[PDB]
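Q: My file is coords23.cif. It has mmCIF, N, CA and C atoms:
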data_query
loop_
_atom_site.label_atom_id
_atom_site.label_comp_id
_atom_site.auth_asym_id
_atom_site.auth_seq_id
_atom_site.Cartn_x
_atom_site.Cartn_y
_atom_site.Cartn_z
N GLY P 10 137.06 68.63 84.66
CA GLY P 10 135.77 68.95 85.26
C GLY P 10 134.56 68.81 84.31
N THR P 11 133.54 69.64 84.55
CA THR P 11 132.29 69.56 83.80
C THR P 11 131.56 70.90 83.84
N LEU P 12 130.78 71.16 82.78
CA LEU P 12 130.13 72.45 82.62
C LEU P 12 128.82 72.53 83.42
N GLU P 13 128.32 73.75 83.55
CA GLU P 13 127.06 74.02 84.24
C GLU P 13 125.96 74.29 83.23
N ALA P 14 124.78 73.71 83.47
CA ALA P 14 123.59 74.08 82.71
C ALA P 14 123.31 75.57 82.88
N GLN P 15 122.78 76.19 81.82
CA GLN P 15 122.45 77.60 81.85
C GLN P 15 121.01 77.88 82.25
N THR P 16 120.16 76.86 82.29
CA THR P 16 118.74 77.02 82.58
C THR P 16 118.35 75.99 83.62
N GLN P 17 117.07 76.04 84.03
CA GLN P 17 116.53 75.05 84.95
C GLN P 17 116.09 73.77 84.22
N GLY P 18 116.38 73.65 82.93
CA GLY P 18 116.02 72.46 82.22
C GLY P 18 114.63 72.58 81.62
N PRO P 19 114.22 71.55 80.89
CA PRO P 19 112.92 71.60 80.20
C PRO P 19 111.80 71.97 81.16
N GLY P 20 110.92 72.83 80.67
CA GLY P 20 109.95 73.46 81.50
C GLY P 20 109.88 74.90 81.08
N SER P 21 109.08 75.64 81.79
CA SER P 21 108.71 76.98 81.33
C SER P 21 109.91 77.91 81.43
N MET P 22 110.25 78.56 80.32
CA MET P 22 111.22 79.64 80.34
C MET P 22 110.62 80.95 80.80
N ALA P 23 109.32 81.01 81.05
CA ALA P 23 108.67 82.23 81.51
C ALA P 23 108.68 82.33 83.04
N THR P 24 108.44 81.22 83.73
CA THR P 24 108.41 81.20 85.18
C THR P 24 109.70 80.59 85.73
N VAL P 25 109.92 80.80 87.03
CA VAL P 25 111.08 80.25 87.71
C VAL P 25 110.64 79.18 88.69
N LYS P 26 111.29 78.03 88.64
CA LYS P 26 111.00 76.97 89.59
C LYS P 26 111.74 77.28 90.89
N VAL P 27 111.02 77.21 92.01
CA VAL P 27 111.58 77.56 93.30
C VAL P 27 111.44 76.40 94.26
N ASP P 28 112.52 76.17 95.00
CA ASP P 28 112.56 75.23 96.11
C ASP P 28 113.40 75.87 97.21
N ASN P 29 113.84 75.08 98.17
CA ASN P 29 114.59 75.67 99.27
C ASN P 29 115.94 76.22 98.83
N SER P 30 116.47 75.75 97.70
CA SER P 30 117.77 76.23 97.25
C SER P 30 117.72 77.67 96.75
N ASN P 31 116.55 78.14 96.26
CA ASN P 31 116.49 79.49 95.70
C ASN P 31 115.30 80.30 96.20
N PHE P 32 114.58 79.84 97.21
CA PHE P 32 113.46 80.66 97.66
C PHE P 32 113.97 81.99 98.20
N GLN P 33 115.05 81.97 98.97
CA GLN P 33 115.57 83.24 99.47
C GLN P 33 116.10 84.11 98.34
N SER P 34 116.96 83.56 97.47
CA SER P 34 117.61 84.40 96.47
C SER P 34 116.63 84.87 95.40
N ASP P 35 115.69 84.01 94.99
CA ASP P 35 114.84 84.34 93.86
C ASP P 35 113.48 84.89 94.26
N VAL P 36 113.03 84.67 95.50
CA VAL P 36 111.75 85.22 95.98
C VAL P 36 111.97 86.32 96.99
N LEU P 37 112.56 85.99 98.15
CA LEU P 37 112.63 86.97 99.23
C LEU P 37 113.56 88.13 98.90
N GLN P 38 114.64 87.87 98.16
CA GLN P 38 115.64 88.90 97.85
C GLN P 38 115.44 89.51 96.47
N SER P 39 114.34 89.19 95.82
CA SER P 39 114.09 89.70 94.49
C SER P 39 113.82 91.20 94.53
N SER P 40 114.35 91.92 93.53
CA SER P 40 114.02 93.34 93.41
C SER P 40 112.59 93.54 92.93
N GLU P 41 112.13 92.75 91.93
CA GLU P 41 110.76 92.84 91.45
C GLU P 41 109.82 92.14 92.43
N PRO P 42 108.55 92.54 92.50
CA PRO P 42 107.58 91.69 93.20
C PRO P 42 107.58 90.30 92.59
N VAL P 43 107.27 89.30 93.42
CA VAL P 43 107.25 87.91 92.99
C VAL P 43 105.93 87.28 93.38
N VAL P 44 105.25 86.70 92.39
CA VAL P 44 104.07 85.88 92.63
C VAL P 44 104.52 84.43 92.68
N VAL P 45 104.18 83.73 93.76
CA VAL P 45 104.51 82.32 93.91
C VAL P 45 103.23 81.52 93.75
N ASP P 46 103.22 80.66 92.75
CA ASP P 46 102.10 79.75 92.50
C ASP P 46 102.43 78.41 93.16
N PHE P 47 101.60 78.02 94.14
CA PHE P 47 101.75 76.74 94.82
C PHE P 47 100.86 75.74 94.10
N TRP P 48 101.47 74.66 93.60
CA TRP P 48 100.79 73.75 92.69
C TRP P 48 101.23 72.32 92.98
N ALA P 49 100.57 71.38 92.31
CA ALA P 49 100.99 69.99 92.35
C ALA P 49 100.44 69.32 91.10
N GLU P 50 101.06 68.20 90.71
CA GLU P 50 100.66 67.54 89.47
C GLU P 50 99.20 67.08 89.50
N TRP P 51 98.70 66.74 90.68
CA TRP P 51 97.38 66.19 90.86
C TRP P 51 96.32 67.26 91.00
N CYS P 52 96.69 68.54 90.90
CA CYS P 52 95.75 69.64 91.08
C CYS P 52 95.22 70.04 89.71
N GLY P 53 94.06 69.53 89.34
CA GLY P 53 93.46 69.86 88.06
C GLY P 53 93.19 71.34 87.90
N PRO P 54 92.61 71.98 88.92
CA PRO P 54 92.37 73.43 88.80
C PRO P 54 93.66 74.22 88.62
N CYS P 55 94.73 73.82 89.28
CA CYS P 55 96.00 74.50 89.08
C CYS P 55 96.43 74.41 87.62
N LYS P 56 96.26 73.24 87.00
CA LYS P 56 96.68 73.09 85.62
C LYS P 56 95.90 74.01 84.70
N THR P 57 94.65 74.31 85.04
CA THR P 57 93.86 75.17 84.15
C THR P 57 94.34 76.61 84.13
N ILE P 58 95.14 77.05 85.12
CA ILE P 58 95.68 78.42 85.15
C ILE P 58 97.15 78.48 84.79
N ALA P 59 97.83 77.35 84.66
CA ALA P 59 99.26 77.41 84.44
C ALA P 59 99.63 78.14 83.16
N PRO P 60 98.92 77.95 82.04
CA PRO P 60 99.28 78.71 80.83
C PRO P 60 99.08 80.21 81.00
N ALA P 61 98.01 80.63 81.68
CA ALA P 61 97.80 82.06 81.94
C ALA P 61 98.97 82.64 82.72
N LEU P 62 99.46 81.91 83.73
CA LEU P 62 100.58 82.40 84.52
C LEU P 62 101.85 82.52 83.66
N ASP P 63 102.08 81.57 82.76
CA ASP P 63 103.22 81.71 81.85
C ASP P 63 103.10 82.97 81.00
N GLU P 64 101.90 83.21 80.48
CA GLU P 64 101.69 84.37 79.63
C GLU P 64 101.89 85.66 80.41
N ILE P 65 101.33 85.73 81.62
CA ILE P 65 101.53 86.90 82.47
C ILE P 65 103.01 87.11 82.74
N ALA P 66 103.72 86.03 83.06
CA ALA P 66 105.15 86.15 83.32
C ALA P 66 105.90 86.73 82.13
N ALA P 67 105.56 86.29 80.92
CA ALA P 67 106.23 86.82 79.74
C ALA P 67 105.87 88.28 79.52
N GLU P 68 104.59 88.62 79.67
CA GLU P 68 104.13 89.97 79.42
C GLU P 68 104.65 90.95 80.46
N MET P 69 104.80 90.51 81.70
CA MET P 69 105.27 91.33 82.81
C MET P 69 106.77 91.20 83.04
N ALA P 70 107.52 90.75 82.03
CA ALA P 70 108.97 90.61 82.15
C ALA P 70 109.59 91.90 82.68
N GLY P 71 110.45 91.76 83.69
CA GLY P 71 111.11 92.88 84.32
C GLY P 71 110.28 93.63 85.32
N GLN P 72 108.98 93.33 85.42
CA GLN P 72 108.07 94.04 86.30
C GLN P 72 107.60 93.18 87.46
N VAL P 73 107.14 91.96 87.18
CA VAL P 73 106.70 91.02 88.20
C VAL P 73 107.19 89.66 87.76
N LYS P 74 107.82 88.95 88.67
CA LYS P 74 108.31 87.60 88.44
C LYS P 74 107.25 86.61 88.88
N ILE P 75 107.15 85.48 88.17
CA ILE P 75 106.24 84.39 88.53
C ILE P 75 107.08 83.17 88.85
N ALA P 76 106.93 82.65 90.07
CA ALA P 76 107.63 81.48 90.57
C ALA P 76 106.66 80.34 90.76
N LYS P 77 107.18 79.12 90.69
CA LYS P 77 106.39 77.91 90.85
C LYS P 77 106.96 77.09 92.00
N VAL P 78 106.11 76.76 92.99
CA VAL P 78 106.51 75.91 94.10
C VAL P 78 105.61 74.68 94.10
N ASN P 79 106.21 73.52 93.86
CA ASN P 79 105.47 72.27 93.92
C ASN P 79 105.34 71.86 95.39
N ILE P 80 104.10 71.77 95.88
CA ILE P 80 103.90 71.52 97.31
C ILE P 80 104.27 70.12 97.74
N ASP P 81 104.24 69.15 96.83
CA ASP P 81 104.65 67.79 97.20
C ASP P 81 106.16 67.73 97.42
N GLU P 82 106.90 68.55 96.69
CA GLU P 82 108.35 68.60 96.80
C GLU P 82 108.82 69.54 97.90
N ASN P 83 107.99 70.52 98.29
CA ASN P 83 108.34 71.54 99.27
C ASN P 83 107.22 71.71 100.28
N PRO P 84 106.85 70.63 100.97
CA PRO P 84 105.65 70.71 101.82
C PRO P 84 105.85 71.59 103.04
N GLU P 85 107.04 71.61 103.66
CA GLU P 85 107.21 72.46 104.84
C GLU P 85 107.15 73.93 104.46
N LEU P 86 107.77 74.29 103.34
CA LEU P 86 107.73 75.66 102.85
C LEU P 86 106.27 76.09 102.66
N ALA P 87 105.48 75.23 102.01
CA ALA P 87 104.07 75.56 101.82
C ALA P 87 103.35 75.74 103.16
N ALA P 88 103.59 74.82 104.10
CA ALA P 88 102.95 74.89 105.40
C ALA P 88 103.35 76.16 106.14
N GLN P 89 104.64 76.52 106.07
CA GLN P 89 105.09 77.71 106.80
C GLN P 89 104.47 78.99 106.24
N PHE P 90 104.04 78.98 104.98
CA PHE P 90 103.42 80.13 104.36
C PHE P 90 101.91 80.01 104.32
N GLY P 91 101.34 79.11 105.14
CA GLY P 91 99.91 79.04 105.34
C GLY P 91 99.14 78.45 104.18
N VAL P 92 99.78 77.68 103.31
CA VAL P 92 99.13 77.12 102.13
C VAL P 92 98.47 75.80 102.53
N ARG P 93 97.15 75.81 102.67
CA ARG P 93 96.39 74.64 103.11
C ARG P 93 95.40 74.15 102.07
N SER P 94 95.42 74.73 100.88
CA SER P 94 94.74 74.21 99.70
C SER P 94 95.43 74.86 98.51
N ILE P 95 95.28 74.24 97.34
CA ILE P 95 95.80 74.81 96.10
C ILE P 95 94.67 74.73 95.08
N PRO P 96 94.60 75.63 94.10
CA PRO P 96 95.55 76.71 93.84
C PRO P 96 95.61 77.78 94.92
N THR P 97 96.83 78.22 95.24
CA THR P 97 97.05 79.40 96.06
C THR P 97 98.21 80.16 95.42
N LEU P 98 98.05 81.49 95.29
CA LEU P 98 99.12 82.37 94.85
C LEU P 98 99.42 83.34 95.98
N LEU P 99 100.71 83.55 96.24
CA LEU P 99 101.18 84.53 97.21
C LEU P 99 102.03 85.57 96.48
N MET P 100 101.92 86.83 96.87
CA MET P 100 102.82 87.85 96.37
C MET P 100 103.76 88.30 97.46
N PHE P 101 105.05 88.30 97.14
CA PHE P 101 106.10 88.84 97.97
C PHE P 101 106.65 90.12 97.35
N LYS P 102 106.85 91.12 98.19
CA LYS P 102 107.42 92.38 97.72
C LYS P 102 108.42 92.82 98.76
N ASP P 103 109.67 93.02 98.33
CA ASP P 103 110.72 93.48 99.23
C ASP P 103 110.85 92.59 100.46
N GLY P 104 110.67 91.28 100.26
CA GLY P 104 110.83 90.31 101.32
C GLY P 104 109.64 90.19 102.24
N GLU P 105 108.54 90.89 101.96
CA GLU P 105 107.35 90.84 102.79
C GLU P 105 106.24 90.09 102.07
N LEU P 106 105.41 89.40 102.84
CA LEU P 106 104.25 88.71 102.28
C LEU P 106 103.13 89.72 102.11
N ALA P 107 102.91 90.13 100.87
CA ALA P 107 102.04 91.25 100.55
C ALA P 107 100.58 90.86 100.33
N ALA P 108 100.31 89.68 99.77
CA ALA P 108 98.94 89.39 99.37
C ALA P 108 98.84 87.90 99.05
N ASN P 109 97.60 87.39 99.05
CA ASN P 109 97.31 86.04 98.62
C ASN P 109 96.01 85.99 97.85
N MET P 110 95.86 84.92 97.08
CA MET P 110 94.54 84.57 96.55
C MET P 110 94.44 83.06 96.44
N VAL P 111 93.21 82.56 96.51
CA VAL P 111 92.98 81.12 96.45
C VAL P 111 92.03 80.81 95.30
N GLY P 112 92.17 79.63 94.74
CA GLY P 112 91.31 79.18 93.68
C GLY P 112 91.81 79.62 92.31
N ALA P 113 91.39 78.88 91.30
CA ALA P 113 91.69 79.24 89.92
C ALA P 113 90.91 80.49 89.51
N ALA P 114 91.42 81.19 88.49
CA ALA P 114 90.75 82.34 87.90
C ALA P 114 91.28 82.52 86.48
N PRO P 115 90.51 83.19 85.61
CA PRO P 115 91.03 83.50 84.27
C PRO P 115 92.24 84.42 84.35
N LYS P 116 93.01 84.44 83.26
CA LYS P 116 94.18 85.32 83.15
C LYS P 116 93.84 86.76 83.51
N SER P 117 92.73 87.27 83.00
CA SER P 117 92.40 88.66 83.24
C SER P 117 92.27 88.95 84.73
N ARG P 118 91.65 88.03 85.47
CA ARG P 118 91.47 88.22 86.91
C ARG P 118 92.78 88.03 87.66
N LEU P 119 93.59 87.06 87.24
CA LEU P 119 94.91 86.89 87.84
C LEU P 119 95.73 88.17 87.67
N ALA P 120 95.75 88.70 86.44
CA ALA P 120 96.54 89.89 86.15
C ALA P 120 96.03 91.10 86.95
N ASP P 121 94.71 91.24 87.09
CA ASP P 121 94.17 92.33 87.90
C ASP P 121 94.65 92.21 89.34
N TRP P 122 94.60 90.99 89.89
CA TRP P 122 95.04 90.77 91.27
C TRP P 122 96.53 91.08 91.42
N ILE P 123 97.34 90.66 90.46
CA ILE P 123 98.77 90.94 90.52
C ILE P 123 98.99 92.45 90.53
N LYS P 124 98.35 93.15 89.62
CA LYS P 124 98.56 94.59 89.53
C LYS P 124 98.11 95.29 90.80
N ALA P 125 96.94 94.93 91.32
CA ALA P 125 96.47 95.57 92.54
C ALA P 125 97.39 95.26 93.71
N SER P 126 97.86 94.01 93.79
CA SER P 126 98.68 93.59 94.92
C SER P 126 100.04 94.25 94.91
N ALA P 127 100.59 94.51 93.73
CA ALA P 127 101.90 95.15 93.62
C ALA P 127 101.84 96.66 93.75
N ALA P 128 100.64 97.25 93.78
CA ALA P 128 100.48 98.70 93.79
C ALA P 128 101.11 99.37 95.00
#
Write the structure described by the file as structure tokens, please.

A:
Amino acid sequence: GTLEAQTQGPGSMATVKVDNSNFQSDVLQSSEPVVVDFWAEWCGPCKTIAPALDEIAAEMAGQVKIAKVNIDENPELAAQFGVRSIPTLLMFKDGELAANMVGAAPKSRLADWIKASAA
């Protein structure tokens, strides 16, 4: 036979990449609140917040998970969750859609929104 990779491969070890294979297990069934960042390679504003989201994910380890959904790869998932422009972040808590925000923002504002949304 053959061995299994232990990670999702090169890419952020702070955030989790989500598609249809793990949206239920890693987002909807998560014990911690989960922020889902809907992004695409062509979204310049999304790129300007991606490092802040990695930092928040590392700092909030065990408290709030940060997931990444590429909308070009998961367009129906994005559409079903009402994502009609990016950047968009959604927070899920206990399988419920708790909050959203649109547009880029500095780390401080992202973190404030996460904390308020998870309250």

Q: Tell me which residues the PyMOL selection byres (((chain P and resi 59 and name CA) around 10) and name CA) grabs here, as a PyMOL selection string.

A: chain P and resi 21+24+46+48+54-58+60-65+77+113+116

Q: Check the smallest atom-to-atom distance from each of P:81, P:23, P:13, P:115 to residue 66 (chain P) using only C-alpha atoms, then report the winner.

A: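 Closest to residue 66 (chain P) of all the choices is P:23.
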
Q: Quick one, how far is CA of residue 45 (chain P) from CA of residue 78 (chain P)?

A: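 So the two atoms, CA of residue 45 (chain P) and CA of residue 78 (chain P), lie 6.7 Å apart.
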
Q: What is the atom C of residue 101 (chain P)-atom N of residue 42 (chain P) distance in Å, reported with one decimal?

A: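 Those two atoms sit 5.7 Å apart.
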
Q: Skip residue 49 (chain P) itself and residues of its chain fewer than 2 positions away, then list as a list in words all residues within 6 Å of it, counting only N, CA and C atoms.

A: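 Within the cut-off, the hits are residues 47, 51, 52, 79, 80 and 81 of chain P.
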
Q: Quick one: everything within 12 Å of residue 32 (chain P), counting only C-alpha atoms, minus sequence neighbours fewer than 5 positions away in the same chain. Send it as a count of residues only.

A: 17

Q: Quick one: residues within 5 Å of residue 96 (chain P), all atoms listed in the file, excluding same-chain residues fewer than 2 positions away - as number ranges by chain?

A: P: 94, 98, 111-112

Q: Kindly give the distance, in Å, that separates atom C of residue 72 (chain P) and atom N of residue 119 (chain P), rounded to a single decimal.

A: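 We find that atom C of residue 72 (chain P) and atom N of residue 119 (chain P) lie 15.3 Å from each other.
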
Q: Take region 72-87 of chain P, bring it up to N, CA, C and O atoms, and give me the output as a short mmCIF file (atom, residue, chain, number, x, y, z; two decimals), in the coordinates of the input.

A:
data_model
loop_
_atom_site.label_atom_id
_atom_site.label_comp_id
_atom_site.auth_asym_id
_atom_site.auth_seq_id
_atom_site.Cartn_x
_atom_site.Cartn_y
_atom_site.Cartn_z
N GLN P 72 108.98 93.33 85.42
CA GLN P 72 108.07 94.04 86.30
C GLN P 72 107.60 93.18 87.46
O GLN P 72 107.62 93.62 88.62
N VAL P 73 107.14 91.96 87.18
CA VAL P 73 106.70 91.02 88.20
C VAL P 73 107.19 89.66 87.76
O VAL P 73 106.99 89.28 86.60
N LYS P 74 107.82 88.95 88.67
CA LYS P 74 108.31 87.60 88.44
C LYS P 74 107.25 86.61 88.88
O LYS P 74 106.55 86.83 89.87
N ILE P 75 107.15 85.48 88.17
CA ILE P 75 106.24 84.39 88.53
C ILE P 75 107.08 83.17 88.85
O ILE P 75 107.85 82.70 88.00
N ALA P 76 106.93 82.65 90.07
CA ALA P 76 107.63 81.48 90.57
C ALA P 76 106.66 80.34 90.76
O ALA P 76 105.47 80.56 91.01
N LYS P 77 107.18 79.12 90.69
CA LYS P 77 106.39 77.91 90.85
C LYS P 77 106.96 77.09 92.00
O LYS P 77 108.14 76.74 91.98
N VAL P 78 106.11 76.76 92.99
CA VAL P 78 106.51 75.91 94.10
C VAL P 78 105.61 74.68 94.10
O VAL P 78 104.40 74.78 94.33
N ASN P 79 106.21 73.52 93.86
CA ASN P 79 105.47 72.27 93.92
C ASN P 79 105.34 71.86 95.39
O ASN P 79 106.35 71.66 96.08
N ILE P 80 104.10 71.77 95.88
CA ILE P 80 103.90 71.52 97.31
C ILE P 80 104.27 70.12 97.74
O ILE P 80 104.55 69.91 98.93
N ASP P 81 104.24 69.15 96.83
CA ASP P 81 104.65 67.79 97.20
C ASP P 81 106.16 67.73 97.42
O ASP P 81 106.64 66.92 98.22
N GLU P 82 106.90 68.55 96.69
CA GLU P 82 108.35 68.60 96.80
C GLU P 82 108.82 69.54 97.90
O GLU P 82 109.92 69.34 98.44
N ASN P 83 107.99 70.52 98.29
CA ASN P 83 108.34 71.54 99.27
C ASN P 83 107.22 71.71 100.28
O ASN P 83 106.68 72.80 100.45
N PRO P 84 106.85 70.63 100.97
CA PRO P 84 105.65 70.71 101.82
C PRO P 84 105.85 71.59 103.04
O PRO P 84 104.88 72.22 103.48
N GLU P 85 107.04 71.61 103.66
CA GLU P 85 107.21 72.46 104.84
C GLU P 85 107.15 73.93 104.46
O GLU P 85 106.61 74.75 105.20
N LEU P 86 107.77 74.29 103.34
CA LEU P 86 107.73 75.66 102.85
C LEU P 86 106.27 76.09 102.66
O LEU P 86 105.86 77.17 103.10
N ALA P 87 105.48 75.23 102.01
CA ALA P 87 104.07 75.56 101.82
C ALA P 87 103.35 75.74 103.16
O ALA P 87 102.60 76.70 103.37
#
